[PDB]
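I have placed the structure first, in the form of structure tokens, so that the comments after it can refer back to it.
What follows is calculated from the coordinates using simple rules that are stated; it is not laboratory data. Neighbour counts run over all protein chains shown; Cβ positions are idealised from the backbone, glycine included.
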Amino acid sequence: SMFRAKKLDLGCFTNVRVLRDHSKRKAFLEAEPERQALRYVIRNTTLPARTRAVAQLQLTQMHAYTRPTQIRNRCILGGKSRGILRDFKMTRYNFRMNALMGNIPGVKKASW
Amino acid sequence: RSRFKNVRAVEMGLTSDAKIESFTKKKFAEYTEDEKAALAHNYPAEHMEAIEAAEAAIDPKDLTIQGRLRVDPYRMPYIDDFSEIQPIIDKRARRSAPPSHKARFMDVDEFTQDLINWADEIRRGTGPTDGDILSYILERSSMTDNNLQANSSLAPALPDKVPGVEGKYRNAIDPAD
Amino acid sequence: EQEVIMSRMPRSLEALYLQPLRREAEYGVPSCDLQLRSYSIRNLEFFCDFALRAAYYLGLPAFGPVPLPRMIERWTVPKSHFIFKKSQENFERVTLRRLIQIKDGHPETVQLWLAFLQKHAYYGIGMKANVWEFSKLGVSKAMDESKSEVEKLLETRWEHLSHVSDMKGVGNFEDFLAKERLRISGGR
Amino acid sequence: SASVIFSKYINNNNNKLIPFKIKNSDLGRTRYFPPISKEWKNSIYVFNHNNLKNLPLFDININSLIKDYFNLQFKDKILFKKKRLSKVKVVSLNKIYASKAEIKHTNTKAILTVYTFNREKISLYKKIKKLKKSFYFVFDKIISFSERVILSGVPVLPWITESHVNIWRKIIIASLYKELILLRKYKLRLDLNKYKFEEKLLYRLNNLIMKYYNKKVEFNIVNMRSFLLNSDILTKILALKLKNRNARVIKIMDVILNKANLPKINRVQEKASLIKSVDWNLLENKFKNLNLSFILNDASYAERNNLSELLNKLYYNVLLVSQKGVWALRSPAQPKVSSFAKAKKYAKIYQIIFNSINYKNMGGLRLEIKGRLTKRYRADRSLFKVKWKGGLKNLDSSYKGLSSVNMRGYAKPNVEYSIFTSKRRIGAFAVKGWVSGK
Amino acid sequence: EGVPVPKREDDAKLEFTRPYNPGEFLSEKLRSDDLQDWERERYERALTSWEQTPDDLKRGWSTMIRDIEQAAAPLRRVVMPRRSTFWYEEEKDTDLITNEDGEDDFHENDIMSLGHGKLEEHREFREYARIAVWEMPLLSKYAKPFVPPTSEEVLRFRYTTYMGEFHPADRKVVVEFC
Amino acid sequence: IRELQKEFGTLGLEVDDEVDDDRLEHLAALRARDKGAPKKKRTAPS
Amino acid sequence: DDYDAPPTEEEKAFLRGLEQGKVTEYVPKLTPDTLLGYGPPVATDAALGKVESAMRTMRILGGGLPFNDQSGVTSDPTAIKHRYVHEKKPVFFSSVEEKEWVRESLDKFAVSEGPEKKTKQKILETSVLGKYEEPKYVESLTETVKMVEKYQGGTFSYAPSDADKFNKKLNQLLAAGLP
RNA sequence: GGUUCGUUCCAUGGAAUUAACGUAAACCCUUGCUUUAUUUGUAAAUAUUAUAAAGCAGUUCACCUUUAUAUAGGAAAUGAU
Ligand SMILES: [K+]
Ligand SMILES: [K+]
Ligand SMILES: [Mg+2]
Ligand SMILES: [Mg+2]
Ligand SMILES: [Mg+2]
Ligand SMILES: [Mg+2]
């Protein structure tokens, strides 16, 4: 909740979990270098054992929003998390409806 | 080593460069002194600069060795100089000044003064004619922008009778009903 | 005040009704490879003819348009948002592209050609150019001596930029460009 | 000498020579290639697709701005109109209707096309035009007359300053206040309707849309003479009519179809096929050897050397007074135009241009209304009405057998489909509309 | 706050409630209610001047403003919508109500939206034809001939451009030498 | 639309928010027939 | 009886002139200056390619919009005044006419003629001269700090601020794991 | 009543004449051929793989059979293609 901006800054389809996933994307952007440093000290077997253990503990205390594995694309029109296409940021269905109306540039019904 | 073939040049009897020069000077001769003056008298200065640079760039030998007629689907279906911008077949021109950011719609005071100013312009240029009143309703600006004529983004209208659309309709509504 | 009977029309106007002329390359060393792409074929073929006519006036021997392989993406999606799965349909996005390669082109002249195409670019077409150029050893010193040359050319161009005295919103100059460039490109 | 790195790119010359082959086969006329902007709403290509994934969403936001932009109206206090307050929300049909926007993208700017049916101008122009000429004729006298008595002695001068003009003007306003505020009303409402299409008010909308594409947007607003020539504007109008509870659904559809005028046709000739025969008038078949070294070399005509003489025989030339005559020029601030631009007659060019355009005439019309449209406030069942006039066929291919170019792989190039969703006080309904062209 | 209430305070007062002729108008302002004294001499000089004018002219002025009211009469006349109307069936702005006759007749002076796409395409072809006939030839005045590299120019660099786009791959430089 | 209204509001132009004006119309209808929302509770239940 | 007279022929001729348009003038104009700003920003030996890479840098400072000197001179004066005064960031104008229009729109708003001397040097320092920070060669694998700076210097993914966050945390970890 | 892959076509009916959708046509891939283009693909090349824009092509011609004389059909590695 501390990562949710007090003023909404989303122009797409807003949802309880779209705000949740948008907050994780902003938190990871702010703490990716700090996180890469810890992940480097841990995997660096040339450092002292204590140094690697300190970084290994600090990486466990970082908030969950800072983990990139918790970022899952969503549909900017419907807000689902299943069936999303990276090239369009939409579900397979909203891609079909917009593709047939001509709202996705370059896409056309395939036949060969 | 050349970029094209000679099969199409030898057939016409242009195997030697001496004969190619005769064909060029005979078919693609350059403008004479008389035609340059006449051509320069009708077009303005800037246009003549493009014509002079064109005949200096495009050499007649290329037209004789590789000059081919255009049969693409994108070629222009008619001949025209394209020197000026035409009413219907060209994009509307944008020659006006930019709008004023501080301009506002006239109030009763400002509106009356302008209406008085318009009466003086048409009078200093019987009473106002139908053409003047028609211009006041459609051209006279009602904003405090010194009677500006901004650029219209409205696409050019079509002819009063579009070829291919005229003569095919008949209004069903009869004013007698 | 007499009437003159023009024997013909200006060559600039006649050349518009002939196929685009082409200069001949004496050596054939590629100086630029312009690749044009679009999702339609009609605007791609039109602008490729326009690009060849510009290369002729500049004295650049152009070659092409070479039809490069089509880039075809494919997606199969269910026709129904809910359960129905035995009914799907295929979609695609075919990218049509052409290649115009210039040979024996002067480096500066090739940049006027590219500058001209960008100013008069046709909508719906994406373009990418690879420029080649020969240079001598000692690039470090060459780029330091040309400083005074570029400064003179920019004397009249500095007017485009303007900022308050000691611009503070920028902060670290280099970090500003690196981060402002990402914001312009949308992430990368 | 030269460099070795340079020589390593000269030897790589295994090019194929341009043969200039002579065609020996007959060529047909190419298909009608419909415009590119009519296949996808956004005509764009970019190498970085980050500028390509948000377009579907922006189209919704942009269309909302444009819809609300064209609905701007003065405040009742500006025009001094007495607002008639009421709880009910009035539906306004006499405004500017707009269709979905089509955007042509470059790396430098974006051209936003939108078809509009200006219904407010039809009313304002006729209403203000009722003010007879005597108004402006008499108003001029008051100006001159007033200057003879107020700004002059009893029966431009250096003894008339603005301080006196102010008082001289207020006297006119005090006597014609009820008349000036009237003319000012229609004058401002008409000018507002006019500036919506000019840069006076569009430069502000540009600042609002420019924030979505990060490029200056140029507007190309096309004024439609009839609201039936665009499906988007049609389903919008029909939807506003049906939103009222007391709206007669079937009756409204019949009035719209009655307004649709279809051209006269011969059913037997339209549905008649075409026999494929070589067209020797096509420039491809007339000259099977396109090289000028062969055409201009005294092939058929006697001394047609000049390339222009050849072109004048093929194309229509405007520079000539006689179509197959000669180009005779005249030999011995103002606008910079040729001395013959005024004599040019674009009478047959309009025929060439507009005859090369397909799908101009309205061919067919189809309307569908589906949803909760009953008049009573209860849980009745959904309705579904369908009306049509003409046909949505692609005559060029279904009957003549010519080859067409389908849009997006499956769609006919001559039909426009648009859907508009609304809601009554009892539920939601939709209005679908098809419009075909001949 | 709370349940919103209608903003009933919305109106604009008219500067004049009834037409004041030059005589009455100047009299009201000269009553010294709210006005600068150095300006009253102007109004006072105007009032006395108006009074000095003949009587018939004053009468002519009255008739000169009555006809204007007669000329503006058809503009403020409220028009009744047609019995079977389509556009003004629910329009409550009486200013826009018109006779509605012939407002939907097709005069064969417009094509479908699909045609405008092909017409606008022609306006674009004329734009490029205009450039290729008048602006392209000027490119030849600034063109430079190609000179082959000398024995010292041994490096061959490559630079990438995306023609107005920002792409992460336009920063790479490739060099090749023998 | 709010930034559209604030942009042209300086010129004296107005435009209704059909989306928001409809939302408010719906809420007013609920309160009319006694279906609106209860009073927000600001304290724990006790 | 109230009837609207048909549009007079004079009226039609007047309306067609406004709707269809009029025969206006077109003056060709093309020079290397009218093309400057649209050219390819390549670090070639030709000064034209270097001037374009400098113009590109000024557009990134001024907001990042493309160089468009053919779509008008208007802009958003309020947004420019905010960026120029409150945010204190540069502003790029595609033409002097665009700069004068902003002065007229705003009341009592001044803009500098050009960038300061320092800003001119920073633009040429990297985008034209191409001065970099050569990543040194680290021999020992135990030089954690030196080796991190090496990789950071050889990749544009790590902005100067990103390397700061990385180095701040790294130095903290190396310090805590010592006696 | 015939005929057709087919409400296809023909003939016919003391009742029919037409419209829309589906159908059909057209479209996409594929096959042969023509023209265009030649790099980042092609051994060479006097241009033939590949690449991809447009155009043409079939049940077309020949043979055989053929109702009510109106609309047709068959033969299939040993006619052409
Ligand atoms: K770095
Ligand atoms: K082939
Ligand atoms: Mg309750
Ligand atoms: Mg029958
Ligand atoms: Mg079918
Ligand atoms: Mg090669």
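Taking the conditions (1) more than 7 Å from every other protein chain (Cβ to nearest Cβ); (2) crowded, with 20+ Cβ neighbours inside 10 Å in turn, residue E:118 satisfies each one other than (1).
Of all residue pairs spaced 6 or more apart or on separate chains, those with beta-carbon atoms under 8 Å, a first member in the stretch B:113-133 that is at the interface with chain D (Cβ under 8 Å from one of its Cβ atoms) and over 23 Å from residue D:173 (Cα atoms) and a second member that is surrounded by 13 or more Cβ atoms within 10 Å (Cβ to Cβ) and not polar (S, T, N, Q) are B:130/D:133; B:130/G:11.
Suppose we filter D:184, D:189 for residues that are within 7 Å of another protein chain (Cβ to nearest Cβ) and in a helix (DSSP H, G or I); which single one remains? Outline the logic, then answer.
Working: D:189 fails: within 7 Å of another protein chain (Cβ to nearest Cβ).
Going through D:184, D:189 in turn, just one is within 7 Å of another protein chain (Cβ to nearest Cβ) and in a helix (DSSP H, G or I): D:184.
Residues of the stretch G:149-179 that are closer than 16 Å to residue A:52 by Cβ and either within 8 Å of another protein chain (Cβ to nearest Cβ) or in contact with a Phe, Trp or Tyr (Cβ under 6 Å, 6 or more places away or on another chain) (or both): G:169, G:170, G:173, G:174, G:176, G:177, G:178.
For the stretch F:9-33: of the residues being of a type in the set (A, V, I, L, M, F, W, C) and more than 10 Å from chain D (Cβ to nearest Cβ), which is farthest from ligand 3 (Cβ to nearest atom)?
Per the stated criteria, the residue is F:24.
Given the residues D:336, D:313, which is the only one that is charged (D, E, K, R) and closer than 19 Å to residue B:85 by Cα? Steps first, answer last, please.
Working: D:313 fails: closer than 19 Å to residue B:85 by Cα.
Exactly one residue qualifies, and that residue is D:336.
Could you identify the single residue in F:41, F:6 that is within 16 Å of ligand 3 (Cβ to nearest atom), more than 18 Å from residue E:4 (Cβ to Cβ) and out of contact with any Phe, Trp or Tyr (no Cβ under 9 Å at 6 or more places or on another chain)?
On the way: F:6 fails: within 16 Å of ligand 3 (Cβ to nearest atom).
Unique residue meeting the criteria: F:41.
Just the residues that are within 20 Å of the chain's Cα centre (by Cα) and either of a type in the set (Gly, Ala, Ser) or within 14 Å of chain A (Cβ to nearest Cβ) (or both), please, taken from the stretch D:408-438. Can you show your working first?
First, the residues of the stretch D:408-438 that are within 20 Å of the chain's Cα centre (by Cα): D:413-418, D:433-438.
D:413, D:415, D:416, D:417, D:418, D:433, D:434, D:436, D:437 - these are the residues of the stretch D:408-438 that are within 20 Å of the chain's Cα centre (by Cα) and either of a type in the set (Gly, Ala, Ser) or within 14 Å of chain A (Cβ to nearest Cβ) (or both).
Counting the residues of the stretch E:1-55 that are closer than 30 Å to residue D:76 by Cβ, of a type in the set (A, V, I, L, M, F, W, C) and exposed (fewer than 10 other Cβ atoms within 10 Å of the Cβ) gives 2.
Where in the stretch D:306-391 are the strands (runs of 3 or more DSSP E), entirely inside, with at least 3 residues that are touching a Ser or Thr at 6+ places or on another chain (Cβ under 9 Å)? Even if it seems obvious, please write down each step before you answer.
On the way: elements: D:327-331, D:362-371, D:383-390.
In the stretch D:306-391, the matching strands (runs of 3 or more DSSP E) lie at D:327-331, D:362-371.
Would a scan of the stretch D:28-47 turn up a residue that is more than 9 Å from every other protein chain (Cβ to nearest Cβ) and either surrounded by fewer than 13 Cβ atoms within 10 Å (Cβ to Cβ) or farther than 30 Å from residue D:281 by Cα (or both)? Within the stretch D:28-47, one or more residues are more than 9 Å from every other protein chain (Cβ to nearest Cβ) and either surrounded by fewer than 13 Cβ atoms within 10 Å (Cβ to Cβ) or farther than 30 Å from residue D:281 by Cα (or both).
Quick check, is residue G:97 among the acidic types (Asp, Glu), away from ligand 1 (no atom under 16 Å from the Cβ) and under 30 Å from residue B:145 (Cβ atoms)?
Values: among the acidic types (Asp, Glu): yes; away from ligand 1 (no atom under 16 Å from the Cβ): yes; under 30 Å from residue B:145 (Cβ atoms): yes.
In short, yes.
The set of residues in the stretch G:91-132 that are of a type in the set (D, E, K, R) and over 27 Å from residue C:146 (Cα atoms) comprises G:97, G:98, G:99, G:100, G:103, G:104, G:107, G:108.
Conditions (1) among the aromatic types (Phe, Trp, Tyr); (2) assigned to a helix (DSSP H, G or I); (3) within 30 Å of residue B:140 (Cα to Cα), marked per residue:
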| site | (1), (2), (3) |
| --- | --- |
| D:201 | no, yes, yes |
| D:221 | no, no, yes |
| D:225 | no, no, yes |
| D:257 | no, yes, no |
| D:273 | no, no, no |
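Among the numbered conditions (1) within 17 Å of the chain's Cα centre (by Cα); (2) more than 16 Å from ligand 3 (Cβ to nearest atom); (3) farther than 30 Å from residue B:143 by Cα, the only one that residue F:36 does not meet is (2). Please go through the stretch G:136-170 and give me each residue that is part of a loop (DSSP other than H, G, I, E, B), within 31 Å of the chain's Cα centre (by Cα) and crowded, with 16+ Cβ neighbours inside 10 Å, ordered by number. Answer for the stretch G:136-170, where residues must be part of a loop (DSSP other than H, G, I, E, B), within 31 Å of the chain's Cα centre (by Cα) and crowded, with 16+ Cβ neighbours inside 10 Å: G:158, G:159. The residue list D:433, D:371, D:427, D:390 contains one member that is touching a helix residue (DSSP H, G or I) at 6+ places or on another chain (Cβ under 8 Å) and either aliphatic (A, V, I, L, M) or more than 25 Å from residue E:126 (Cα to Cα) (or both), which is D:433. None of A:77, A:85 is away from chain G (no Cβ under 14 Å), surrounded by fewer than 19 Cβ atoms within 10 Å (Cβ to Cβ) and among the aliphatic types (A, V, I, L, M) except A:85. Restricted to the stretch C:66-183, the set of strands (runs of 3 or more DSSP E) holding at least 2 residues that are in contact with a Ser or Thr (Cβ under 6 Å, 6 or more places away or on another chain) comprises C:88-103, C:126-135. All conditions in (1) surrounded by 15 or more Cβ atoms within 10 Å (Cβ to Cβ); (2) facing another protein chain (nearest Cβ under 8 Å); (3) within 25 Å of residue D:407 (Cβ to Cβ) hold for residue D:66, with the sole exception of (2). Residue pairs whose Cβ atoms lie under 8 Å apart, separated by 6 or more positions or on different chains, with the first residue in the stretch D:149-178 and more than 7 Å from every other protein chain (Cβ to nearest Cβ) and more than 20 Å from residue E:28 (Cβ to Cβ) and the second in a helix (DSSP H, G or I) and of a type in the set (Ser, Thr, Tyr), are D:153/E:49.
Within the stretch G:1-60, if we keep just the residues that are outside any loop (DSSP other than H, G, I, E, B) and of a type in the set (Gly, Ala, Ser), the residue that is nearest to residue C:153 (Cα to Cα) turns out to be G:47. Is it the case that some residue within the stretch G:57-69 is under 29 Å from residue C:106 (Cα atoms), buried (at least 22 other Cβ atoms within 10 Å of the Cβ), facing chain C (nearest Cβ under 8 Å) and not β-branched (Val, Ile, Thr)? Within the stretch G:57-69, one or more residues are under 29 Å from residue C:106 (Cα atoms), buried (at least 22 other Cβ atoms within 10 Å of the Cβ), facing chain C (nearest Cβ under 8 Å) and not β-branched (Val, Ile, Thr).
When only residues in the stretch G:133-148 that are within 10 Å of chain A (Cβ to nearest Cβ) and under 25 Å from residue C:178 (Cα atoms) count, which is nearest to ligand 3 (Cβ to nearest atom)?
G:148
Contact map, the stretch B:88-107: first residue more than 7 Å from every other protein chain (Cβ to nearest Cβ), second residue in a loop (DSSP other than H, G, I, E, B) and of a type in the set (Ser, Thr, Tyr), Cβ cut-off under 6 Å, separation 6 or more or different chains; pairs are B:103/B:144; B:106/B:142.
Tell me whether the stretch C:27-36 contains one or more residues that are β-branched (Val, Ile, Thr), more than 16 Å from ligand 1 (Cβ to nearest atom) and out of contact with any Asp or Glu (no Cβ under 9 Å at 6 or more places or on another chain). Looking for residues that are β-branched (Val, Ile, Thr), more than 16 Å from ligand 1 (Cβ to nearest atom) and out of contact with any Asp or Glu (no Cβ under 9 Å at 6 or more places or on another chain), one finds none in the stretch C:27-36, hence no. Within the stretch G:137-174, the set of residues being among the β-branched types (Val, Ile, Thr), under 18 Å from residue A:42 (Cα atoms) and within 16 Å of ligand 1 (Cβ to nearest atom) comprises G:145, G:148.
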